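Worksheet: the structure to be examined is printed underneath.
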Amino acid sequence: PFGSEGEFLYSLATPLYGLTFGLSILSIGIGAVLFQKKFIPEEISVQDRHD
Amino acid sequence: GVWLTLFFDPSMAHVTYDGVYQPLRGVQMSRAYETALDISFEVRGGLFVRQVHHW
Amino acid sequence: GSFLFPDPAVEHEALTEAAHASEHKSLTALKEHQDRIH
Amino acid sequence: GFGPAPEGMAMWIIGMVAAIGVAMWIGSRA
Amino acid sequence: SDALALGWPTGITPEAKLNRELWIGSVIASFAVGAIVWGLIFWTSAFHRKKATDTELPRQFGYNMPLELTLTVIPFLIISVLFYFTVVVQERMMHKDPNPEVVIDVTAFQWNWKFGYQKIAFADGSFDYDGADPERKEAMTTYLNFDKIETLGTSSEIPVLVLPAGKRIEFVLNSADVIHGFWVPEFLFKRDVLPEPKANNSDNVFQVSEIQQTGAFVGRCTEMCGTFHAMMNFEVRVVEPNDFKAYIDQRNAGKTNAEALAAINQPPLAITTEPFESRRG
Amino acid sequence: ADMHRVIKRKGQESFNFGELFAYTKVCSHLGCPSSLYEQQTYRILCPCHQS
Amino acid sequence: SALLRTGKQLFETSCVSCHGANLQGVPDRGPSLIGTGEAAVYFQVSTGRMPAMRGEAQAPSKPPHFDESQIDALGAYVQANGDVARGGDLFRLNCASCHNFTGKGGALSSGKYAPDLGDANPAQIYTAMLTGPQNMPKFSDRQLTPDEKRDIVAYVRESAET
Amino acid sequence: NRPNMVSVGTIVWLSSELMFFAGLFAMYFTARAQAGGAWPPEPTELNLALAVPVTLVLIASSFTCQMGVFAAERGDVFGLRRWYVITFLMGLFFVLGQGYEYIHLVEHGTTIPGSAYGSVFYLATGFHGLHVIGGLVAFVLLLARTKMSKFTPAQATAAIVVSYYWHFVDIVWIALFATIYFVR
Amino acid sequence: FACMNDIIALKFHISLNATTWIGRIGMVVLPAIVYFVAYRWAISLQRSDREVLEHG
Amino acid sequence: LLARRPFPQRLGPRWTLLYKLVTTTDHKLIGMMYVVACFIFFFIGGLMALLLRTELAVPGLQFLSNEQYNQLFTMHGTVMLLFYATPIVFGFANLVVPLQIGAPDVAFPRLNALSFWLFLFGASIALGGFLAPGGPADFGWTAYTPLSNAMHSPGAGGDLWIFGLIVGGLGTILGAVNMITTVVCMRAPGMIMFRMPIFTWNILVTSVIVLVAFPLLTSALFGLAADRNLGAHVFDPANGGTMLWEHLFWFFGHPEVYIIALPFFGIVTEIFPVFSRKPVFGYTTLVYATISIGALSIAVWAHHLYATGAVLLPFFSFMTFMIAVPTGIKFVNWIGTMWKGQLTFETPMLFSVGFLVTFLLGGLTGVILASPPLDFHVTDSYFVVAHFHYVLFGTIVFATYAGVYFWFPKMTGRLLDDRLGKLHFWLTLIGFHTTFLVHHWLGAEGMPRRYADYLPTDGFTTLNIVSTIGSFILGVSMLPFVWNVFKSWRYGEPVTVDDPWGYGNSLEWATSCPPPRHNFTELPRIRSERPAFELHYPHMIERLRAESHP
Amino acid sequence: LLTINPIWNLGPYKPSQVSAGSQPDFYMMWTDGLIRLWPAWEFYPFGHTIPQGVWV
Ligand SMILES: CCCCCCCCCCCCCCCCCC(=O)OC[C@H](COP(=O)([O-])OCC(O)COP(=O)([O-])OC[C@@H](COC(=O)CCCCCCCCCCCCCCCCC)OC(=O)CCCCCCCCCCCCCCCCC)OC(=O)CCCCCCCCCCCCCCCCC
Ligand code: HAS
Ligand code: HAS
Ligand SMILES: CC(C)=CCC/C(C)=C/CC/C(C)=C/CC/C(C)=C\CC/C(C)=C/CC/C(C)=C\CC/C(C)=C\CC/C(C)=C/CC/C(C)=C/CC1=C(C)C(=O)c2ccccc2C1=O
Ligand code: HEC
Ligand code: HEC
Ligand code: FES
Ligand SMILES: [Cu+2]
Ligand SMILES: [Cu+2]
Ligand SMILES: [Cu+2]
């Protein structure tokens, strides 16, 4: 409750679920872009659409 | 949203709260509102999955 | 180099001769494909 | 207000900025 | 004369009769200078481009260095004469003589005036009030000079102040909330009141020598106070010194200014100003 | 103090008893409860669409 | 203490219409209570657009603006947080422009008198002084100590009763 | 033989910010003279500890920022980067050092309302606290700018004028350290 | 920005009565002058692309 | 032979201005955006005075409320001084200063654009307080601090006033950084700091004074907003305070008056040797005069504080007399440069003469007001409001219209019309006899300034009617000027001529009108104080040296 | 990090209660703003009525 003793550790429950879930795959997503930008070779492929 | 329907009861039948949130104690609420207050409060990390699902 | 320390400048002229020619290869690639169509 | 209006404002300046600003880094400009 | 001073009332104090005397000595000395420059701008309206010179013959010259040294000292000498006469007058004004002979607090609160009488001691030693109390002051935990013969002056009473017309008169200028201004237009002088003038290194109080006329004169507020700044018209009267001794003694038994001015056959309300209808509602 | 500035309805002429009135909270347009009172100038502002 | 279940249900029944911890759009909303406490959040604001919940000279009845137990409970719910003569003179100096003359700075007709203050009492005055008012700057902590607030409240109360 | 326009355009501007701290000193001295009967910290005590170990960091920041601006004039793009990260992390120690001094003086003494000294302290040293945070922004926007081009003399000129801003902030704090702690 | 006018009323300090009259008058006026400030913007962006081709 | 187009292109294409306005660094275009946007604010601020002036005519309080009057001399005093008169300084500076020296551009071209757009959004915040419920700033443009508090002035609009003058306040500090470093670093080869026309000196000197005044105001308005939004005890009368604002605002207040006065002394110095065909009499005398007024204007701030109790009176008395000496020298160097040479009263010359006629009463009543016994009676009266409408309205109306009529066929290439130009002067000056001359009489007998309503028993009725009839004549007079500009912008007689006024002095009259995008096609050989008079007239060079020095 | 919808502050939907900020999400905000801007235009073509809600 609002004037309790462990109220501060409750108010950091759902932010600690956010900056540890979301910052994990943000950093996995950043590292997987930086593998594509820096190691997978740049290619320019042209495909004739037959539409 | 598949997660969030494992805990939600969508009826409108009236029932008093008698749960864990201290201001809303003994308030005539629907069961759709009491289980929406059980996701936020009485499910471990259920407020997170509820807030992700709205954003 | 790094954000604080450089590379020994033999590995710099190799990473900028093969970098201004790896984009010049990209420029004559589309130029010799645009002239094939038109 | 604390309902949908400052939450809806915080969508466009935090969420969609960091969802367009990512795509301008993954994608190109042509 | 009257037309040379640009719309100036003849001052009722002799410290303002010196002030109007400096004004007429300053406007005429400026209408001298303002007609020299107009006599040179409109003299070049006799110097047009006339049809007599087919070629440009303007006689171009730029640097007449024995002339700017003349027309720098001459504007410096007119100032150095008319600066000496602006320190003598501001020394004769604000004289600060420690025989008060009446002290009138003004206590300009939010959007009206609250005059209060303090110790009055004539040169004959006749009236000698001597004891406007500080017991009301110590209840406020302040600085405002509270008195016993104080004039409330609500928004429809338009507070008529009464001071005798032959003695030294001292105005302790405090204020309650906002910076107001204190200006009788016949006292050719202001000193706009401040909230806490002891802490702002302000002078807080001035004196006039005497009132050399009788009648009743207007009072106005000048520095801005807020919405009803234009409606803070106080009003002063100048009864005889023999009639003023009967004023406070009728007042000390307990009446109002609508009743205390009837005992000395004065008009009970203000005569040069009136309450405002839009402020009353 | 303000009784002469009261205009009764043509049909609802005598539906009051001693400086009292009873109007519905459910407003006459889309049915939100009108609750704001405005004790200075008598207005029955409703929060949903500001009638 | 005040029952916070009653306080929540009273908030929902009577204040949710203009306040969701936010302020009412129409005119000027009361807004979130600053330094929320029984002393100021309890004290009503009859002056202005806001309606007066507490009714002076009111016996217990089913139709009522507010309930002494209801008021305290709601003031508490909103407040989650998650020389008498000498005092009067000081109040006139600080509030001399508006309080002086017992009048109102905003409106000449409006006054600090009991008819203007309705069901006034020392506690209601102290509380509005502490956090001041909707249009008046708060005085506690920021400007005046508790003795000074208590003394100025007493002076205003004695002046208005007499 | 041309007098480095951007350097002239900064020191002409840096004389304006001295007048911004002229109206903030003139609030301090007029609340010390015409309001201080006793010494101006009446319920508080200004500790020189945690005020001397944070003003000896800014003085050493100017001893490392000027070593960075020596590297821009020579051509060391990486020597310019090394001595500004020292200057950034020691300027960030000043904000975190003084920012802990403000928390020590709110939950223990005078906050910004409710004190005559409490308003002329959190604004004289407060707008200096925003000219350091505003200065550390200019180190991020300069070191990241050295990562994008060939380090022209225009990249060096941009590092001259950020250095002049940091020495200005350093000297103004000496005019605040030798005013409010020693001339109490 | 007219559905949240009560939040514009409280926080931004404007009105609750005048935020519909800047909406109801604005519903006709503002989409009429965004047509003019974008048709004359999109053409002036075209003329900026011809100065980089003619001159460089 | 010599194939041309009959009449030049009136308006351009569909879209040659909307973009290329947003993305511009051309000082010739940002100069024309300061000028046009300030006349948007010369009408918004100026129409507020006509609503002030009809309430005062009939002695009742007719249609404006009491509180609505008090928020219409603030928003009139703010918009006229700060949102019209301080940016039109940098309006004429962006048009002319890179031209009068041999410069291609201002020094920092993206702080020229940023200094404009800080003004245009800083000005629409302060007068964006009419949208507030409680209206804009009730307190005056001086904003004295027991009146401007959290509980005396509670509404926003007063707070929007404060942060509309720090955004525009930043917009002039950043503009004075340009105007110094342009003059310091970007002159033509052969242009020295001297032999450079006096308008560029006045922009050089006032750009110093902007850096002294406007940061000190910005430091005061962050001190006032800390007192209002936060709780603070700066500007509190128990802590100095209510005379602290009297010393921080007026230390801004008088050297902002003198950044309004001096740059429009330089336009008037620019016009006299063009129309009276002989040089500036005492050129370097005007250089040393401006630096003195640039130095004296800062140490005289408390002449606005004579009747607020106690300041040091003999210091600010004598030093306020000291500005009358160099401005008196600047009048000797205006009649003297107009003296022997042959006159032609075209509309740029006509307005500079009406400058000399009307500024004199403002300067004469300035030293009337500078002495405290003459000031103790009229210090917050309608004698003051009479004073600064002979001394602002000279520099800001009769010397901006002197400069707009003089650099309209340089910035646009069209001659602004003269038959519709002489009408605009004599609808202004005849409607300026009638407006502000009578306030000298009206205020010294007891009508103080900032009053909404007065009483009909006073003798103020038959003199406020005179000052209201004339105020509409001064309001009608803007109508044959807008019609002059709106027609002669795109219509109007072309100038295929590098100097339309015949005898131009400075370096801008040697380039084409309008100039190219870097102002110059051929720089002339600079050897004297006026380049474009040695050029266009080679046979006068033996007379600019021998026939000088009487 | 950012809270989105506290349904525990305002209680259950009871038709007697009231909420001062009754607003939809931003995708449905233009529908609520459309109701506020249309003026009170009703018709009454017969004994029946046509409310303001036909214009939305
Ligand atoms: C206060 C709320 C704030 C909350 C935060 C929410 C903000 C959203 C996140 C923004 C995400 C942006 C993209 C991120 C992924 C890309 C990452 C990347 O590197 O790609 C490179 C990318 C270019 O890559 P490229 O496509 O390959 O190159 C093509 C050409 O270069 C192309 O050349 P060009 O001509 O096309 O120019 C391209 C460039 C043009 O360049 C620019 O225009 C600007 C460049 C810098 C932008 C970012 C600066 C800082 C970001 C915000 C900082 C906030 C501080 C205050 C917060 C207070 C909170 C209390 O434009 C862009 O790249 C688009 C950037 C989008 C701007 C974001 C706007 C932020 C909105 C603010 C919301 C405020 C929240 C209010 C809510 C309040 C509460 C309800 O450049 C960038 O985008 C840089 C962005 C970096 C931001 C990340 C955070 C910075 C951390 C560094 C701190 C260093 C510490 C000390 C270091 C010591 C010394 C070094
Ligand atoms: C850009 C606009 C302005 C200029 C220029 C200007 C020039 C002066 N002003 Fe001023 N001003 C005051 C004194 C002077 C003096 C001495 C000069 C000088 O720069 C004027 C220079 C003199 C001349 C240009 C004449 C030169 C011609 C010749 C031929 C020289 C020889 C003649 C002499 C030496 C005459 C002396 C002899 C006599 C017999 C009078 C005073 C006085 O203590 C106040 C306070 C009033 C109050 O209490 O509120 C004041 C107030 C204002 C205000 C209002 C502030 C407010 O709202 O409170 C504004 C807006 C303003 C603008 C301007 N003012 N002035
Ligand atoms: C730059 C400096 C200034 C200029 C220029 C100026 C012009 C005038 N003033 Fe003034 N002024 C007064 C009268 C006039 C008149 C008749 C004019 C004239 O030159 C103005 C000419 C009129 C116009 C120019 C209006 C033309 C309107 C038209 C043609 C229609 C407009 C149509 C539309 C659609 C508008 C929107 C247009 C768009 C483009 C959107 C009076 C009263 O008779 C007071 C006393 C208030 C008091 O009690 O203290 C006063 C007070 C002041 C104060 C002291 C403020 C204070 O105490 O707080 C200052 C500093 C000042 C400066 C200036 N003043 N003036
Ligand atoms: C493109 C388009 C809508 C074409 C319509 C075609 C057509 C002719 C239709 C005829 C029918 C008519 C007249 C429809 C009228 C429009 C209508 C009533 C509904 C259409 C809804 C709709 C599809 C809208 C799309 C527009 C939209 C929301 C975004 C596009 C804006 C663009 C191009 C980029 C966004 C850039 C961006 C991410 C900015 C973020 C930062 C900013 C400035 C956000 C601004 C912002 C926005 C945009 C909010 O929606 C918002 C909502 C609630 C609170 C705050 C905000 C807020 O701050
Ligand atoms: C349970 C407490 C509570 C309820 C319920 C409540 N208010 Fe208020 N109201 C306050 C308090 C406390 C203030 C004083 C302002 C402040 O909090 O700073 C106030 C102030 C106001 C004001 C401003 C008055 C002024 O002079 O500043 C208005 C208007 C107002 N309320 C309207 C309403 C309306 C309309 C309702 C219901 C329809 C309502 N209030 C219900 C506690 C309440
Ligand atoms: C600068 C403004 C301001 C100051 C200072 C101020 N007040 Fe007020 N006060 C108001 C306003 C406005 C109201 C009207 C209530 C409202 O705002 O809704 C008010 C109302 C009151 C009321 C209620 C009167 C009624 O009938 O409702 C009391 C009691 C009061 N004030 C006491 C004080 C005391 C005690 C002081 C100082 C010791 C003080 N005030 C200083 C502005 C102020
Ligand atoms: S719901 Fe539309 S008016 Fe309340
Ligand atoms: Cu007053
Ligand atoms: Cu007044
Ligand atoms: Cu001045």
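Every chain in the structure tokens has a letter given in the order shown (A, B, ...), and although residue numbers restart at 1 in each chain, ligands are simply numbered from 1 in the order shown.
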Practice task
Please report as JSON, numbers by chain which residues of chain K come no farther than 12 Å from chain A, using only C-alpha atoms.
Solution key: {"K": [1, 2, 3]}
Output N, CA and C atoms for every residue in the selection just made, as a PDB file, in the first residue's frame.
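The resulting file, part02.pdb, is reproduced below:
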ATOM      1  N   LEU K   1       8.285   0.707 -18.338  1.00  0.00           N
ATOM      2  CA  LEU K   1       8.627   1.996 -17.751  1.00  0.00           C
ATOM      3  C   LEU K   1       7.409   2.910 -17.671  1.00  0.00           C
ATOM      4  N   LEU K   2       6.777   3.169 -18.807  1.00  0.00           N
ATOM      5  CA  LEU K   2       5.667   4.106 -18.896  1.00  0.00           C
ATOM      6  C   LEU K   2       4.365   3.389 -18.566  1.00  0.00           C
ATOM      7  N   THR K   3       3.635   3.894 -17.576  1.00  0.00           N
ATOM      8  CA  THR K   3       2.308   3.369 -17.294  1.00  0.00           C
ATOM      9  C   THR K   3       1.328   3.845 -18.357  1.00  0.00           C
TER      10      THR K   3
END
Problem - Neighbourhood of ligand 7 at 8 Å, counting only C-alpha atoms and all ligand atoms, reported as an NGL selection string - result: (:F and (26-34 or 46-51)) or (:K and (35-36))
Practice task
Within 7 Å of ligand 1, which residues show up when you count only C-alpha atoms and all ligand atoms? List them as number ranges by chain, please.
Solution key: D: 10, 13-15, 17-18, 21-22, 24-25, 28; H: 85, 139-140, 143-144
Could you list, as a PDB file with N, CA, C and O atoms, in the first residue's frame, every residue of chain G that has an atom within 6 Å of an atom of chain K, counting only C-alpha atoms?
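The resulting file, part_3.pdb, is shown below:
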ATOM      1  N   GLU G  12     -15.218   8.491  -6.530  1.00  0.00           N
ATOM      2  CA  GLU G  12     -15.882   7.982  -7.712  1.00  0.00           C
ATOM      3  C   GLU G  12     -17.280   8.532  -7.925  1.00  0.00           C
ATOM      4  O   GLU G  12     -17.626   8.970  -9.021  1.00  0.00           O
ATOM      5  N   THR G  13     -18.102   8.582  -6.864  1.00  0.00           N
ATOM      6  CA  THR G  13     -19.437   9.175  -6.905  1.00  0.00           C
ATOM      7  C   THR G  13     -19.455  10.681  -7.158  1.00  0.00           C
ATOM      8  O   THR G  13     -20.294  11.162  -7.917  1.00  0.00           O
ATOM      9  N   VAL G  16     -14.876  12.142  -9.662  1.00  0.00           N
ATOM     10  CA  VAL G  16     -14.349  11.534 -10.895  1.00  0.00           C
ATOM     11  C   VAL G  16     -14.756  12.270 -12.164  1.00  0.00           C
ATOM     12  O   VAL G  16     -13.992  12.361 -13.124  1.00  0.00           O
ATOM     13  N   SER G  17     -15.955  12.882 -12.164  1.00  0.00           N
ATOM     14  CA  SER G  17     -16.490  13.703 -13.239  1.00  0.00           C
ATOM     15  C   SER G  17     -15.595  14.826 -13.716  1.00  0.00           C
ATOM     16  O   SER G  17     -15.606  15.150 -14.900  1.00  0.00           O
ATOM     17  N   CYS G  18     -14.816  15.470 -12.823  1.00  0.00           N
ATOM     18  CA  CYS G  18     -13.889  16.509 -13.241  1.00  0.00           C
ATOM     19  C   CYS G  18     -12.448  16.144 -12.962  1.00  0.00           C
ATOM     20  O   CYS G  18     -11.549  16.775 -13.521  1.00  0.00           O
ATOM     21  N   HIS G  19     -12.191  15.131 -12.107  1.00  0.00           N
ATOM     22  CA  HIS G  19     -10.861  14.810 -11.636  1.00  0.00           C
ATOM     23  C   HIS G  19     -10.528  13.325 -11.746  1.00  0.00           C
ATOM     24  O   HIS G  19     -11.009  12.498 -10.982  1.00  0.00           O
ATOM     25  N   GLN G  24     -10.553  19.314 -14.157  1.00  0.00           N
ATOM     26  CA  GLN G  24     -11.725  19.479 -15.063  1.00  0.00           C
ATOM     27  C   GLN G  24     -11.393  20.473 -16.182  1.00  0.00           C
ATOM     28  O   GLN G  24     -10.818  21.538 -15.880  1.00  0.00           O
TER      29      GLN G  24
END
Handout entry: Spatial neighbours of segment 20-31 of chain B, 6 Å, only C-alpha atoms, chain gap at least 2 places, as a ChimeraX atom specification
Key = /B:11-18,33-34 /G:4-5,8 /K:12
Practice task
Would you kindly report the residues of chain G within 7 Å of chain D, using only C-alpha atoms, as a ChimeraX atom specification?
Solution key: /G:20-23
Output file for the residues above (N, CA, C and O atoms, as a short mmCIF file (atom, residue, chain, number, x, y, z; two decimals), in the first residue's frame):
data_model
loop_
_atom_site.label_atom_id
_atom_site.label_comp_id
_atom_site.auth_asym_id
_atom_site.auth_seq_id
_atom_site.Cartn_x
_atom_site.Cartn_y
_atom_site.Cartn_z
N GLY G 20 -9.61 12.93 -12.64
CA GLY G 20 -9.00 11.60 -12.66
C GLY G 20 -7.56 11.67 -12.25
O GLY G 20 -6.69 11.23 -12.98
N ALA G 21 -7.29 12.35 -11.11
CA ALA G 21 -5.99 12.92 -10.71
C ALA G 21 -5.57 14.11 -11.58
O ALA G 21 -4.64 14.85 -11.28
N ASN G 22 -6.31 14.33 -12.67
CA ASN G 22 -6.21 15.45 -13.57
C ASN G 22 -7.26 16.47 -13.19
O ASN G 22 -7.91 16.36 -12.15
N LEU G 23 -7.36 17.54 -13.97
CA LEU G 23 -8.28 18.64 -13.57
C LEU G 23 -9.40 18.80 -14.59
O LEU G 23 -9.19 18.45 -15.76
#
Problem - Cut-off 7 Å, only C-alpha atoms and all ligand atoms, neighbours of ligand 2 as a PyMOL selection string - result: (chain E and resi 26-30+33-34+37+75+78-79) or (chain J and resi 142+257-258+260-261+303-306+320-321+323-325+327-328+331+359-360+362-371+375+378-380+384+387-388+391-392+395)
Problem - For residue 239 of chain E: contacts at 10 Å, only C-alpha atoms, fewer than 2 positions along chain excluded, given as a PyMOL selection string - result: chain E and resi 162-166+213-216+236-237+241-245+247+261+264+266
For the residues in the current selection, export N, CA, C and O atoms as a PDB file, in the first residue's frame.
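Full text of result27.pdb as output:
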ATOM      1  N   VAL E 162      -6.985  65.614   6.228  1.00  0.00           N
ATOM      2  CA  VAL E 162      -7.030  66.983   6.728  1.00  0.00           C
ATOM      3  C   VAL E 162      -5.718  67.269   7.440  1.00  0.00           C
ATOM      4  O   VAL E 162      -5.351  66.563   8.384  1.00  0.00           O
ATOM      5  N   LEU E 163      -5.014  68.303   6.989  1.00  0.00           N
ATOM      6  CA  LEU E 163      -3.787  68.749   7.613  1.00  0.00           C
ATOM      7  C   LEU E 163      -3.796  70.269   7.711  1.00  0.00           C
ATOM      8  O   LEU E 163      -4.335  70.941   6.820  1.00  0.00           O
ATOM      9  N   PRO E 164      -3.244  70.834   8.784  1.00  0.00           N
ATOM     10  CA  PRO E 164      -3.277  72.288   8.948  1.00  0.00           C
ATOM     11  C   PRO E 164      -2.314  72.974   7.998  1.00  0.00           C
ATOM     12  O   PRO E 164      -1.334  72.395   7.531  1.00  0.00           O
ATOM     13  N   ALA E 165      -2.603  74.240   7.731  1.00  0.00           N
ATOM     14  CA  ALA E 165      -1.993  74.968   6.628  1.00  0.00           C
ATOM     15  C   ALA E 165      -0.986  76.012   7.094  1.00  0.00           C
ATOM     16  O   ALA E 165      -0.904  77.102   6.530  1.00  0.00           O
ATOM     17  N   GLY E 166      -0.228  75.716   8.142  1.00  0.00           N
ATOM     18  CA  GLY E 166       0.827  76.637   8.515  1.00  0.00           C
ATOM     19  C   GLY E 166       2.056  76.015   9.140  1.00  0.00           C
ATOM     20  O   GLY E 166       2.961  76.738   9.566  1.00  0.00           O
ATOM     21  N   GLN E 213      -1.663  78.052   0.897  1.00  0.00           N
ATOM     22  CA  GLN E 213      -3.007  78.318   0.409  1.00  0.00           C
ATOM     23  C   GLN E 213      -4.001  77.533   1.248  1.00  0.00           C
ATOM     24  O   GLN E 213      -3.633  76.673   2.050  1.00  0.00           O
ATOM     25  N   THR E 214      -5.278  77.843   1.055  1.00  0.00           N
ATOM     26  CA  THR E 214      -6.372  77.111   1.672  1.00  0.00           C
ATOM     27  C   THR E 214      -7.194  76.437   0.583  1.00  0.00           C
ATOM     28  O   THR E 214      -6.970  76.640  -0.613  1.00  0.00           O
ATOM     29  N   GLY E 215      -8.155  75.612   1.006  1.00  0.00           N
ATOM     30  CA  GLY E 215      -9.063  74.949   0.093  1.00  0.00           C
ATOM     31  C   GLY E 215      -8.963  73.434   0.206  1.00  0.00           C
ATOM     32  O   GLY E 215      -8.886  72.878   1.309  1.00  0.00           O
ATOM     33  N   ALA E 216      -8.970  72.770  -0.950  1.00  0.00           N
ATOM     34  CA  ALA E 216      -9.014  71.317  -1.001  1.00  0.00           C
ATOM     35  C   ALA E 216      -8.457  70.870  -2.341  1.00  0.00           C
ATOM     36  O   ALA E 216      -8.865  71.393  -3.381  1.00  0.00           O
ATOM     37  N   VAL E 236      -6.931  65.778  -0.252  1.00  0.00           N
ATOM     38  CA  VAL E 236      -6.429  66.477   0.922  1.00  0.00           C
ATOM     39  C   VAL E 236      -7.156  67.805   1.066  1.00  0.00           C
ATOM     40  O   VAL E 236      -7.555  68.433   0.080  1.00  0.00           O
ATOM     41  N   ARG E 237      -7.365  68.212   2.314  1.00  0.00           N
ATOM     42  CA  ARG E 237      -7.919  69.518   2.623  1.00  0.00           C
ATOM     43  C   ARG E 237      -6.958  70.273   3.517  1.00  0.00           C
ATOM     44  O   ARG E 237      -6.134  69.684   4.219  1.00  0.00           O
ATOM     45  N   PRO E 241      -5.307  76.533  11.049  1.00  0.00           N
ATOM     46  CA  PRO E 241      -4.728  75.899  12.246  1.00  0.00           C
ATOM     47  C   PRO E 241      -5.606  76.003  13.479  1.00  0.00           C
ATOM     48  O   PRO E 241      -5.557  75.111  14.334  1.00  0.00           O
ATOM     49  N   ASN E 242      -6.406  77.064  13.599  1.00  0.00           N
ATOM     50  CA  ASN E 242      -7.355  77.145  14.703  1.00  0.00           C
ATOM     51  C   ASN E 242      -8.501  76.162  14.525  1.00  0.00           C
ATOM     52  O   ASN E 242      -8.990  75.596  15.508  1.00  0.00           O
ATOM     53  N   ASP E 243      -8.935  75.940  13.285  1.00  0.00           N
ATOM     54  CA  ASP E 243      -9.999  74.985  13.024  1.00  0.00           C
ATOM     55  C   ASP E 243      -9.514  73.547  13.067  1.00  0.00           C
ATOM     56  O   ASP E 243     -10.329  72.638  13.256  1.00  0.00           O
ATOM     57  N   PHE E 244      -8.213  73.316  12.896  1.00  0.00           N
ATOM     58  CA  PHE E 244      -7.713  71.948  12.906  1.00  0.00           C
ATOM     59  C   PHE E 244      -7.614  71.390  14.318  1.00  0.00           C
ATOM     60  O   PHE E 244      -7.713  70.173  14.505  1.00  0.00           O
ATOM     61  N   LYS E 245      -7.426  72.258  15.316  1.00  0.00           N
ATOM     62  CA  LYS E 245      -7.391  71.805  16.701  1.00  0.00           C
ATOM     63  C   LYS E 245      -8.757  71.299  17.145  1.00  0.00           C
ATOM     64  O   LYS E 245      -8.841  70.384  17.972  1.00  0.00           O
ATOM     65  N   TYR E 247     -10.701  69.782  15.050  1.00  0.00           N
ATOM     66  CA  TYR E 247     -11.005  68.609  14.238  1.00  0.00           C
ATOM     67  C   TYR E 247     -10.741  67.323  15.004  1.00  0.00           C
ATOM     68  O   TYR E 247     -11.624  66.463  15.109  1.00  0.00           O
ATOM     69  N   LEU E 261     -15.933  66.559   9.775  1.00  0.00           N
ATOM     70  CA  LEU E 261     -15.817  67.745   8.937  1.00  0.00           C
ATOM     71  C   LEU E 261     -17.037  68.649   9.021  1.00  0.00           C
ATOM     72  O   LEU E 261     -16.974  69.790   8.554  1.00  0.00           O
ATOM     73  N   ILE E 264     -16.468  71.646  11.656  1.00  0.00           N
ATOM     74  CA  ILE E 264     -15.651  72.769  11.211  1.00  0.00           C
ATOM     75  C   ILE E 264     -16.159  73.240   9.854  1.00  0.00           C
ATOM     76  O   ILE E 264     -15.370  73.693   9.016  1.00  0.00           O
ATOM     77  N   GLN E 266     -16.987  72.141   6.968  1.00  0.00           N
ATOM     78  CA  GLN E 266     -16.413  71.662   5.725  1.00  0.00           C
ATOM     79  C   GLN E 266     -17.380  70.704   5.047  1.00  0.00           C
ATOM     80  O   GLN E 266     -18.251  70.125   5.703  1.00  0.00           O
TER      81      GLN E 266
END
